[PDB]
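Heads up, the thing below is written out as structure tokens.
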There are 2 protein chains.
Amino acid sequence: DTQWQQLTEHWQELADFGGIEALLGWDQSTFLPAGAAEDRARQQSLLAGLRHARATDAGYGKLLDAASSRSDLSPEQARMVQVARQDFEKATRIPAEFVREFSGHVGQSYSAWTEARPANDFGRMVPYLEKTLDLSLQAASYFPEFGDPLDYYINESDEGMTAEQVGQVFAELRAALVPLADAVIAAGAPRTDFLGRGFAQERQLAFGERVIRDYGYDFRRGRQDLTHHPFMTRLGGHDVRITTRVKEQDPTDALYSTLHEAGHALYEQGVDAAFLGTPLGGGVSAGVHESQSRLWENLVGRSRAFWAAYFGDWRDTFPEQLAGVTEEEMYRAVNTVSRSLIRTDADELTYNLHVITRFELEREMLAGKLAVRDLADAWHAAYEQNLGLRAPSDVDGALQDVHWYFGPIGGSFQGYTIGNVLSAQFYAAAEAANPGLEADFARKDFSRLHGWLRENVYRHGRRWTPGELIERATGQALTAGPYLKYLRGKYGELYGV
Amino acid sequence: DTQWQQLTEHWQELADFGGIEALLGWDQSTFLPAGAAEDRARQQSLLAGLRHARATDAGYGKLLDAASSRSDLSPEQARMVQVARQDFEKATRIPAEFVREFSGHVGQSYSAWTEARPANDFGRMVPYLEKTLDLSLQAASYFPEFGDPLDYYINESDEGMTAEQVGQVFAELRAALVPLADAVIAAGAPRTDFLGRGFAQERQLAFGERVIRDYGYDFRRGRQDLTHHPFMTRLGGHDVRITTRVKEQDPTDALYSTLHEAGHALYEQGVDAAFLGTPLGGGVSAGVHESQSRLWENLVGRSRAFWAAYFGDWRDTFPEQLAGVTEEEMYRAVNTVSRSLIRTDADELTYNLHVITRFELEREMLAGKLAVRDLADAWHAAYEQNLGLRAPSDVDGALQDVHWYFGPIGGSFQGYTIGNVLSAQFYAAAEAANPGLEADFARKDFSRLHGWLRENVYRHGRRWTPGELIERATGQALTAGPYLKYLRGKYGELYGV
Ligand SMILES: [Zn+2]
Ligand SMILES: [Zn+2]
């Protein structure tokens, strides 16, 4: 009983270390002055070392063992203890010296990448990728329960997911989305030139903050700022911050980045107050998290009802830019499709082809079938086959994404595609329970959609495993069905295909 | 050599905790959302505890003892050890229990004050101040080498400074500045109404950043943001941040807050790189620090040469506002004088009367001659006596300043006046070594003044004691001479007195 109070305080201390670490990273991406990079990284390592010591503290381990042997715990408290013991298990499996070696290597890899990408110097990154691949395999070998080292990373991203389950889902998406995208591309695109007329940055941000405020984003428990790369980060139990990036030459970039990151933040902001500061107080997996950003961005933000509700405010804010443009035309311009090179900018239909490419290259590298020095060539070859075009150099080829340069190789991307699928699966379950969602959206009323997602997804945090969470909320395990039905219906209707 | 590497690593770890603690506080004042106050305070408390442990670690103390007995250390390394041991002495002198009790109390006092001041509820703060006074005396009692507890606080602010030395400075400033201020007030004020014509906030910030940029503020090692109260804070060896406050109804506020805090930041940004991350890597005392904010704010920022250089940019930025206003009128308008209530806004001539008021009330309270419950009345009586008027309530009376509600009572304010004195003493030494500084200023060239201050003041950090630094840099100990000569000359010529 006194042991439980001590466990509660140690858990709150781990959450507090995490919030402070998140602040160091949030400030690094937003306001850190250019000449202060090195000291900030050292500050981050200092905190990483301290937090790891507490996450692996032997006394804490004994407290967990004590609470675990009790028989009088509520379902939530026992699950809280179980999750803590699972985190403790993972944290102590890997020697702290290996953790530090890996962190220093990928940190140096990153710095080399920030220069080699603009310089089209993939040959320079090869030694960095070779060591990263070796370290990635070594890290997975501390977990022999995954015979396939790729399964260790897939599981780290989405508890319980396997490479065979991922490959199956990918196979289904490719078989369905390639024809649907090709048919949309062959039909021709809606008008888009009015999006290039000049949209003032401050006006874009104000519009975005009105929308996500309607969604339910709580500005007493967060804020938004500008960054080069949008992200969401939690600095505390009541401090969930988002960032966006604005292009005056295209207002859909900032709007949908903001809706996307806001979706992540709604998830975090809906976690039950009783779980904040405990091992259950956070999102449960990468795919479930990305299902919420994608739900508010795509399923809601790009829908006809969304623009039925906001076109008026939009045209008022941008009167000259929307002159001669109908509400229907703005709805179509937000749902264009094309074969493109940059994954983060890819449309709803071709996006997953980027993830599959990266996933299959990871499979090839981790299995020893593809040497890293051949990665640049294999990447272009996969882009030609999967997207029908190739980048002019390696800048937007294998150097495009930071993941393999600032972290392990393997399991880096499937969460994006799992999130896309689950977005429609969670959304369909929400509409099954609230058939008048679209009529609400037209009134700028998202309370029932938010209410359903909070009751069935957000509040539970980590109390359920991803698979339990998905099955309880939607009645079935991960399935591509609702996702494909939504896309075929939406784009079949948009392009007459 | 092995032992020295450990000292430098521990010293850098102390500096890194300091930067992180500063980041938590900087973010708290700028961007922390409203619902995140409680969690941030616990985070700060967690970091305060860890840093305090590091600062008092017995092993660390043993390393310092070893290194102090060595005979092969350079004068700087020996001084680092001496400074580290002096910090180690005071940090361990006060029991950790007492550190937490005092810290927790002033936290509750501060929070109650943020509500009691706007409500004119001094009676509510009386118990908080009584406990603060008792704890202030108790804290000083851990340092019996100061017979007078006020001398403990005076020395904590400015090493080597005493109450008897402060009193002599006050008497001299009072004897010279009261008649000069009364004569200025009786002569009449320059035109000022054009300052009320409306100055857009964004232009004010842009202008202010161009000025301090020319001063020498390095935005690659800092930045500026908006807060309720301007301040300067060091988040790292290359991260010295400043904040300002903008009033569109009066542009002198933002401008001179920015010049003031930039002056603080210039000092920190000039500390020698060899001292960053060591016990010598920071400003040496409150008085020396405020000497630099006041030098760049008053001696430079309010001088005729400053406006000969910047009125053009000023007029171009605010053309209608400065229509019918000469460059000479803008110079006179930034140098008005009057008996006022708010210490932080008080002019060059009457400012010190606010510091003297507070110091003498501290003296009476520390000696047990003034009861805390009588402070509100004694404050008003001292304001009538020293400044010729009194506030309508306690809001701008004894509740005005945060110092006694978020920290100890005693020695809280004399550093501001010490800084005023030293600003002219340092400045005159700079002109003696660089004949013709004012001519440089008209060209927006501050490199000779800044270079002199960096070489003779900033780079040393804590390498010299305050008395040694002032003596070496200016050829004499602290003296009000240069200060009184500067004011008598400046205001004698402005007002014909
Ligand atoms: Zn996302
Ligand atoms: Zn100051």
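Simple scheme: letters A, B, ... for chains in structure tokens order, numbers from 1 for residues in each chain, numbers from 1 for ligands in the order shown.
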
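Selecting strand (DSSP E or B) from the backbone DSSP output for segment 203-358 of chain B yields residues 224, 225, 226, 232, 233, 234, 235, 236, 239, 240, 241, 242, 243 and 244 of chain B.
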
Closest atom pairs, residues of chain A within 12 Å of chain B, only C-alpha atoms, as JSON lines:
{"residue": "A:9", "atom": "CA", "partner": "B:46", "partner_atom": "CA", "distance": 11.5}
{"residue": "A:10", "atom": "CA", "partner": "B:46", "partner_atom": "CA", "distance": 11.6}
{"residue": "A:12", "atom": "CA", "partner": "B:42", "partner_atom": "CA", "distance": 9.7}
{"residue": "A:13", "atom": "CA", "partner": "B:46", "partner_atom": "CA", "distance": 7.8}
{"residue": "A:14", "atom": "CA", "partner": "B:43", "partner_atom": "CA", "distance": 10.5}
{"residue": "A:15", "atom": "CA", "partner": "B:43", "partner_atom": "CA", "distance": 9.5}
{"residue": "A:16", "atom": "CA", "partner": "B:43", "partner_atom": "CA", "distance": 5.7}
{"residue": "A:17", "atom": "CA", "partner": "B:43", "partner_atom": "CA", "distance": 7.6}
{"residue": "A:18", "atom": "CA", "partner": "B:43", "partner_atom": "CA", "distance": 9.9}
{"residue": "A:19", "atom": "CA", "partner": "B:43", "partner_atom": "CA", "distance": 8.0}
{"residue": "A:20", "atom": "CA", "partner": "B:43", "partner_atom": "CA", "distance": 7.1}
{"residue": "A:21", "atom": "CA", "partner": "B:20", "partner_atom": "CA", "distance": 9.6}
{"residue": "A:22", "atom": "CA", "partner": "B:24", "partner_atom": "CA", "distance": 11.1}
{"residue": "A:23", "atom": "CA", "partner": "B:24", "partner_atom": "CA", "distance": 7.9}
{"residue": "A:24", "atom": "CA", "partner": "B:20", "partner_atom": "CA", "distance": 7.8}
{"residue": "A:25", "atom": "CA", "partner": "B:23", "partner_atom": "CA", "distance": 11.3}
{"residue": "A:26", "atom": "CA", "partner": "B:27", "partner_atom": "CA", "distance": 10.6}
{"residue": "A:27", "atom": "CA", "partner": "B:23", "partner_atom": "CA", "distance": 8.6}
{"residue": "A:28", "atom": "CA", "partner": "B:23", "partner_atom": "CA", "distance": 10.8}
{"residue": "A:30", "atom": "CA", "partner": "B:31", "partner_atom": "CA", "distance": 11.6}
{"residue": "A:31", "atom": "CA", "partner": "B:223", "partner_atom": "CA", "distance": 8.0}
{"residue": "A:32", "atom": "CA", "partner": "B:239", "partner_atom": "CA", "distance": 7.7}
{"residue": "A:33", "atom": "CA", "partner": "B:220", "partner_atom": "CA", "distance": 5.3}
{"residue": "A:34", "atom": "CA", "partner": "B:220", "partner_atom": "CA", "distance": 5.1}
{"residue": "A:35", "atom": "CA", "partner": "B:220", "partner_atom": "CA", "distance": 5.2}
{"residue": "A:36", "atom": "CA", "partner": "B:238", "partner_atom": "CA", "distance": 5.0}
{"residue": "A:37", "atom": "CA", "partner": "B:238", "partner_atom": "CA", "distance": 8.7}
{"residue": "A:38", "atom": "CA", "partner": "B:238", "partner_atom": "CA", "distance": 9.1}
{"residue": "A:39", "atom": "CA", "partner": "B:236", "partner_atom": "CA", "distance": 6.6}
{"residue": "A:40", "atom": "CA", "partner": "B:236", "partner_atom": "CA", "distance": 7.5}
{"residue": "A:41", "atom": "CA", "partner": "B:16", "partner_atom": "CA", "distance": 10.4}
{"residue": "A:42", "atom": "CA", "partner": "B:16", "partner_atom": "CA", "distance": 7.8}
{"residue": "A:43", "atom": "CA", "partner": "B:16", "partner_atom": "CA", "distance": 5.7}
{"residue": "A:44", "atom": "CA", "partner": "B:20", "partner_atom": "CA", "distance": 9.1}
{"residue": "A:45", "atom": "CA", "partner": "B:16", "partner_atom": "CA", "distance": 10.2}
{"residue": "A:46", "atom": "CA", "partner": "B:13", "partner_atom": "CA", "distance": 7.6}
{"residue": "A:47", "atom": "CA", "partner": "B:17", "partner_atom": "CA", "distance": 9.0}
{"residue": "A:49", "atom": "CA", "partner": "B:13", "partner_atom": "CA", "distance": 11.9}
{"residue": "A:50", "atom": "CA", "partner": "B:50", "partner_atom": "CA", "distance": 9.5}
{"residue": "A:51", "atom": "CA", "partner": "B:50", "partner_atom": "CA", "distance": 11.7}
{"residue": "A:218", "atom": "CA", "partner": "B:35", "partner_atom": "CA", "distance": 9.6}
{"residue": "A:219", "atom": "CA", "partner": "B:33", "partner_atom": "CA", "distance": 7.1}
{"residue": "A:220", "atom": "CA", "partner": "B:34", "partner_atom": "CA", "distance": 5.1}
{"residue": "A:221", "atom": "CA", "partner": "B:35", "partner_atom": "CA", "distance": 5.4}
{"residue": "A:222", "atom": "CA", "partner": "B:33", "partner_atom": "CA", "distance": 5.6}
{"residue": "A:223", "atom": "CA", "partner": "B:33", "partner_atom": "CA", "distance": 6.8}
{"residue": "A:224", "atom": "CA", "partner": "B:31", "partner_atom": "CA", "distance": 9.7}
{"residue": "A:225", "atom": "CA", "partner": "B:31", "partner_atom": "CA", "distance": 9.8}
{"residue": "A:234", "atom": "CA", "partner": "B:36", "partner_atom": "CA", "distance": 11.1}
{"residue": "A:235", "atom": "CA", "partner": "B:40", "partner_atom": "CA", "distance": 8.8}
{"residue": "A:236", "atom": "CA", "partner": "B:39", "partner_atom": "CA", "distance": 6.4}
{"residue": "A:237", "atom": "CA", "partner": "B:39", "partner_atom": "CA", "distance": 7.0}
{"residue": "A:238", "atom": "CA", "partner": "B:36", "partner_atom": "CA", "distance": 5.1}
{"residue": "A:239", "atom": "CA", "partner": "B:36", "partner_atom": "CA", "distance": 5.8}
{"residue": "A:240", "atom": "CA", "partner": "B:33", "partner_atom": "CA", "distance": 9.1}
{"residue": "A:241", "atom": "CA", "partner": "B:33", "partner_atom": "CA", "distance": 9.2}
{"residue": "A:269", "atom": "CA", "partner": "B:35", "partner_atom": "CA", "distance": 11.9}
{"residue": "A:276", "atom": "CA", "partner": "B:39", "partner_atom": "CA", "distance": 10.7}
{"residue": "A:277", "atom": "CA", "partner": "B:39", "partner_atom": "CA", "distance": 9.8}

12 Å contact set for residue 340 of chain B, only C-alpha atoms, chain neighbours under 6 positions out, as a short mmCIF file (atom, residue, chain, number, x, y, z; two decimals) with C-alpha atoms, in the first residue's frame:
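This went into part30.cif:
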data_model
loop_
_atom_site.label_atom_id
_atom_site.label_comp_id
_atom_site.auth_asym_id
_atom_site.auth_seq_id
_atom_site.Cartn_x
_atom_site.Cartn_y
_atom_site.Cartn_z
CA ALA B 181 15.71 65.87 -10.14
CA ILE B 185 10.90 68.59 -12.60
CA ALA B 346 11.36 55.37 -13.26
CA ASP B 347 13.63 57.85 -15.04
CA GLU B 348 17.40 58.19 -14.75
CA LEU B 349 17.19 60.77 -11.98
CA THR B 350 14.55 59.46 -9.56
CA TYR B 351 15.14 55.71 -10.02
CA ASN B 352 17.49 55.24 -7.08
CA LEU B 353 14.94 56.67 -4.65
CA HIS B 354 12.86 53.52 -5.21
CA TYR B 383 7.24 56.87 -0.74
CA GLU B 384 5.77 60.17 0.49
CA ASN B 386 11.38 59.91 -0.66
CA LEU B 387 9.38 60.56 -3.83
CA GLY B 388 6.76 63.07 -2.72
CA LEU B 389 3.68 60.99 -3.51
CA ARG B 390 1.96 57.75 -2.61
CA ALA B 391 0.02 55.13 -4.50
CA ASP B 396 1.40 49.84 -6.59
CA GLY B 397 2.54 50.17 -2.97
#

Nearby residues (only C-alpha atoms) at most 8 Å from segment 204-212 of chain A, same-chain spacing under 5 positions excluded, as a PDB file with C-alpha atoms, in the first residue's frame:
ATOM      1  CA  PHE A 199      -2.554  33.163 -49.413  1.00  0.00           C
ATOM      2  CA  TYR A 217      -8.335  20.804 -29.783  1.00  0.00           C
ATOM      3  CA  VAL A 246       3.100  27.466 -44.254  1.00  0.00           C
ATOM      4  CA  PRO A 251      -2.629  26.992 -48.621  1.00  0.00           C
ATOM      5  CA  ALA A 254      -0.449  24.295 -43.914  1.00  0.00           C
ATOM      6  CA  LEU A 255      -4.164  23.537 -43.504  1.00  0.00           C
ATOM      7  CA  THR A 258      -2.395  21.432 -39.058  1.00  0.00           C
ATOM      8  CA  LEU A 259      -5.448  19.164 -39.205  1.00  0.00           C
ATOM      9  CA  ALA A 262      -4.201  18.266 -34.496  1.00  0.00           C
ATOM     10  CA  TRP A 314     -12.489  30.394 -46.376  1.00  0.00           C
ATOM     11  CA  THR A 317     -10.688  35.187 -45.545  1.00  0.00           C
TER      12      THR A 317
END

Please tabulate, as JSON lines, the residues of chain B that come within 8 Å of ligand 2, each with its closest pair of atoms and the distance in Å to one decimal, counting only C-alpha atoms and all ligand atoms and ordering rows by chain, then residue number upward.
{"residue": "B:231", "atom": "CA", "partner": "ligand 2", "partner_atom_place_in_ligand_line": "1 (Zn)", "distance": 7.3}
{"residue": "B:260", "atom": "CA", "partner": "ligand 2", "partner_atom_place_in_ligand_line": "1 (Zn)", "distance": 6.5}
{"residue": "B:261", "atom": "CA", "partner": "ligand 2", "partner_atom_place_in_ligand_line": "1 (Zn)", "distance": 6.4}
{"residue": "B:264", "atom": "CA", "partner": "ligand 2", "partner_atom_place_in_ligand_line": "1 (Zn)", "distance": 6.7}
{"residue": "B:289", "atom": "CA", "partner": "ligand 2", "partner_atom_place_in_ligand_line": "1 (Zn)", "distance": 7.3}
{"residue": "B:290", "atom": "CA", "partner": "ligand 2", "partner_atom_place_in_ligand_line": "1 (Zn)", "distance": 5.0}
{"residue": "B:293", "atom": "CA", "partner": "ligand 2", "partner_atom_place_in_ligand_line": "1 (Zn)", "distance": 5.7}
{"residue": "B:294", "atom": "CA", "partner": "ligand 2", "partner_atom_place_in_ligand_line": "1 (Zn)", "distance": 7.4}
{"residue": "B:416", "atom": "CA", "partner": "ligand 2", "partner_atom_place_in_ligand_line": "1 (Zn)", "distance": 7.1}

Generate a file of the selected residues that holds N, CA and C atoms, formatted as a PDB file, in the first residue's frame.
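Listed below is the output, out.pdb:
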ATOM      1  N   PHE B 231      13.079  40.031 -19.506  1.00  0.00           N
ATOM      2  CA  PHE B 231      14.169  39.429 -18.746  1.00  0.00           C
ATOM      3  C   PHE B 231      15.187  38.843 -19.714  1.00  0.00           C
ATOM      4  N   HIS B 260      17.855  47.312 -22.781  1.00  0.00           N
ATOM      5  CA  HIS B 260      18.283  46.915 -21.447  1.00  0.00           C
ATOM      6  C   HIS B 260      18.624  45.429 -21.392  1.00  0.00           C
ATOM      7  N   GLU B 261      17.670  44.560 -21.764  1.00  0.00           N
ATOM      8  CA  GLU B 261      17.922  43.115 -21.694  1.00  0.00           C
ATOM      9  C   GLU B 261      19.020  42.671 -22.660  1.00  0.00           C
ATOM     10  N   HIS B 264      22.231  43.038 -20.809  1.00  0.00           N
ATOM     11  CA  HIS B 264      22.457  41.825 -20.031  1.00  0.00           C
ATOM     12  C   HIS B 264      23.006  40.715 -20.915  1.00  0.00           C
ATOM     13  N   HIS B 289      26.346  43.069 -13.667  1.00  0.00           N
ATOM     14  CA  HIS B 289      25.389  42.708 -14.711  1.00  0.00           C
ATOM     15  C   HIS B 289      24.499  43.891 -15.075  1.00  0.00           C
ATOM     16  N   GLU B 290      23.872  44.508 -14.073  1.00  0.00           N
ATOM     17  CA  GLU B 290      23.016  45.658 -14.325  1.00  0.00           C
ATOM     18  C   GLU B 290      23.797  46.857 -14.850  1.00  0.00           C
ATOM     19  N   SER B 293      23.374  46.271 -18.711  1.00  0.00           N
ATOM     20  CA  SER B 293      22.056  46.637 -19.216  1.00  0.00           C
ATOM     21  C   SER B 293      21.882  48.151 -19.212  1.00  0.00           C
ATOM     22  N   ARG B 294      22.313  48.811 -18.140  1.00  0.00           N
ATOM     23  CA  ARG B 294      22.156  50.254 -18.044  1.00  0.00           C
ATOM     24  C   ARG B 294      23.103  50.991 -18.983  1.00  0.00           C
ATOM     25  N   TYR B 416      20.448  46.972  -8.386  1.00  0.00           N
ATOM     26  CA  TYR B 416      19.971  47.854  -9.446  1.00  0.00           C
ATOM     27  C   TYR B 416      20.686  49.198  -9.395  1.00  0.00           C
TER      28      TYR B 416
END

Inset, instruction - Using only C-alpha atoms and all ligand atoms, find each residue with an atom at most 12 Å away from ligand 1 and format the answer as a ChimeraX atom specification. - result: /A:229-233,242-244,256-265,267,285-298,344,413,415-420,423

Inset, instruction - Check segment 252-426 of chain A with DSSP on the backbone and list each residue it calls helix (DSSP H, G or I), as an NGL selection string. - result: :A and (252-270 or 286-300 or 304-317 or 327-333 or 343-345 or 351-366 or 372-387 or 403-406 or 414-426)

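Atom to atom, atom CA of residue 155 of chain A and atom CA of residue 360 of chain A stand 16.4 Å apart.
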
Legend entry - Contact residues around segment 135-143 of chain A with only C-alpha atoms at 7 Å, ignoring same-chain residues under 6 positions, as a list in words: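 Residues meeting the cut-off are residues 93, 94, 102, 149, 152, 408 and 409 of chain A.
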
Legend entry - Non-local contacts of residue 334 of chain B (7 Å; only C-alpha atoms; under 2 positions in same chain excluded) as a ChimeraX atom specification: /B:252,302,330-332,336

Would you save the residues from that selection as a PDB file, in the first residue's frame, using N, CA and C atoms?
ATOM      1  N   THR B 252       8.536  53.919 -26.386  1.00  0.00           N
ATOM      2  CA  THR B 252       9.757  53.917 -25.586  1.00  0.00           C
ATOM      3  C   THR B 252       9.842  52.691 -24.685  1.00  0.00           C
ATOM      4  N   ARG B 302      19.998  56.267 -24.790  1.00  0.00           N
ATOM      5  CA  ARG B 302      19.335  57.547 -24.578  1.00  0.00           C
ATOM      6  C   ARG B 302      20.237  58.729 -24.904  1.00  0.00           C
ATOM      7  N   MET B 330      12.927  63.902 -30.456  1.00  0.00           N
ATOM      8  CA  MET B 330      12.898  62.502 -30.066  1.00  0.00           C
ATOM      9  C   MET B 330      13.962  62.209 -29.017  1.00  0.00           C
ATOM     10  N   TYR B 331      15.145  62.825 -29.145  1.00  0.00           N
ATOM     11  CA  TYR B 331      16.171  62.655 -28.119  1.00  0.00           C
ATOM     12  C   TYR B 331      15.716  63.211 -26.775  1.00  0.00           C
ATOM     13  N   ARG B 332      15.055  64.364 -26.772  1.00  0.00           N
ATOM     14  CA  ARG B 332      14.621  64.913 -25.493  1.00  0.00           C
ATOM     15  C   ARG B 332      13.477  64.101 -24.899  1.00  0.00           C
ATOM     16  N   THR B 336      12.720  62.294 -20.283  1.00  0.00           N
ATOM     17  CA  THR B 336      11.897  63.020 -19.331  1.00  0.00           C
ATOM     18  C   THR B 336      12.108  62.487 -17.918  1.00  0.00           C
TER      19      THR B 336
END

Legend entry - Coordinates-based distance that separates atom CA of residue 215 of chain A from atom CA of residue 248 of chain A (Å, one decimal):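 Atom-to-atom, atom CA of residue 248 of chain A to atom CA of residue 215 of chain A, that is 24.0 Å.
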
Shell around segment 190-192 of chain B at 12 Å using only C-alpha atoms, local window under 3 positions removed, as a tab-separated table (two decimals) with N, CA and C atoms, in the first residue's frame:
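Produced file selection_13.tsv, reproduced below:
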chain	number	residue	atom	x	y	z
B	184	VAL	N	14.99	69.55	-12.40
B	184	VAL	CA	14.50	69.12	-13.71
B	184	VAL	C	12.98	69.13	-13.72
B	185	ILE	N	12.36	68.62	-12.65
B	185	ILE	CA	10.90	68.59	-12.60
B	185	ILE	C	10.33	69.99	-12.59
B	187	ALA	N	11.70	72.67	-13.95
B	187	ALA	CA	11.94	73.37	-15.21
B	187	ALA	C	10.85	73.08	-16.25
B	195	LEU	N	4.67	60.55	-29.06
B	195	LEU	CA	4.85	59.16	-28.66
B	195	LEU	C	3.53	58.43	-28.45
B	196	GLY	N	2.41	59.14	-28.37
B	196	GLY	CA	1.12	58.52	-28.17
B	196	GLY	C	0.29	58.34	-29.43
B	197	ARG	N	0.89	58.51	-30.61
B	197	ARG	CA	0.12	58.51	-31.85
B	197	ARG	C	-0.17	57.12	-32.38
B	250	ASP	N	2.87	53.55	-26.46
B	250	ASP	CA	4.11	54.23	-26.09
B	250	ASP	C	5.31	53.40	-26.52
B	251	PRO	N	6.01	53.81	-27.59
B	251	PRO	CA	7.08	52.99	-28.15
B	251	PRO	C	8.38	53.01	-27.35
B	252	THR	N	8.54	53.92	-26.39
B	252	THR	CA	9.76	53.92	-25.59
B	252	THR	C	9.84	52.69	-24.68
B	321	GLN	N	3.70	59.24	-37.54
B	321	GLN	CA	3.83	59.48	-36.10
B	321	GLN	C	4.90	60.53	-35.82
B	322	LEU	N	5.98	60.56	-36.61
B	322	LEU	CA	7.04	61.52	-36.37
B	322	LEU	C	6.91	62.77	-37.23
B	324	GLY	N	6.35	66.37	-38.16
B	324	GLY	CA	6.44	67.56	-37.34
B	324	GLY	C	7.29	67.41	-36.11
B	325	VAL	N	8.08	66.35	-36.03
B	325	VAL	CA	8.93	66.07	-34.88
B	325	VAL	C	10.36	66.04	-35.38
B	326	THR	N	11.24	66.74	-34.68
B	326	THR	CA	12.64	66.75	-35.08
B	326	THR	C	13.39	65.60	-34.43
B	328	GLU	N	16.01	66.12	-32.67
B	328	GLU	CA	16.31	66.61	-31.33
B	328	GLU	C	15.14	66.40	-30.38
B	329	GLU	N	13.91	66.48	-30.89
B	329	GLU	CA	12.76	66.30	-30.01
B	329	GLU	C	12.62	64.85	-29.57
B	330	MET	N	12.93	63.90	-30.46
B	330	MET	CA	12.90	62.50	-30.07
B	330	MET	C	13.96	62.21	-29.02
B	331	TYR	N	15.15	62.83	-29.14
B	331	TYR	CA	16.17	62.66	-28.12
B	331	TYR	C	15.72	63.21	-26.78
B	332	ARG	N	15.06	64.36	-26.77
B	332	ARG	CA	14.62	64.91	-25.49
B	332	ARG	C	13.48	64.10	-24.90
B	333	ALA	N	12.61	63.54	-25.75
B	333	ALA	CA	11.43	62.86	-25.25
B	333	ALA	C	11.76	61.56	-24.52
B	334	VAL	N	12.90	60.94	-24.82
B	334	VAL	CA	13.29	59.71	-24.14
B	334	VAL	C	14.01	59.99	-22.83
B	335	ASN	N	14.15	61.26	-22.45
B	335	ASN	CA	14.87	61.67	-21.25
B	335	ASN	C	14.02	62.56	-20.36
B	336	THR	N	12.72	62.29	-20.28
B	336	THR	CA	11.90	63.02	-19.33
B	336	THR	C	12.11	62.49	-17.92
B	337	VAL	N	11.73	63.30	-16.94
B	337	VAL	CA	11.91	62.98	-15.52
B	337	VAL	C	10.62	63.34	-14.78
B	338	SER	N	10.27	62.54	-13.78
B	338	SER	CA	9.16	62.89	-12.90
B	338	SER	C	9.12	61.91	-11.73
B	494	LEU	N	20.16	69.38	-20.85
B	494	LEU	CA	18.83	69.17	-21.40
B	494	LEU	C	17.84	70.20	-20.88
B	495	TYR	N	17.91	70.52	-19.58
B	495	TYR	CA	16.90	71.34	-18.93
B	495	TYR	C	17.41	72.72	-18.52

Inset, instruction - Take atom CA of residue 74 of chain B and atom CA of residue 453 of chain B and report the distance between them in Å, one decimal. - result: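 Interatomic distance here is 24.4 Å.
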
Legend entry - Nearest-residue call for residue 379 of chain B, choices B:65, B:177, B:301, B:122, using only C-alpha atoms: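 Result for the nearest residue to residue 379 of chain B: B:122.
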
Legend entry - Residue nearest residue 305 of chain B among B:126, B:442, B:470, B:48 (counting only C-alpha atoms):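 Using only C-alpha atoms, the shortest distance to residue 305 of chain B belongs to B:442.
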
Inset, instruction - Would you please work out which residue, of B:61, B:216, B:410, B:496, is nearest to residue 154 of chain B when using only C-alpha atoms? - result: B:410
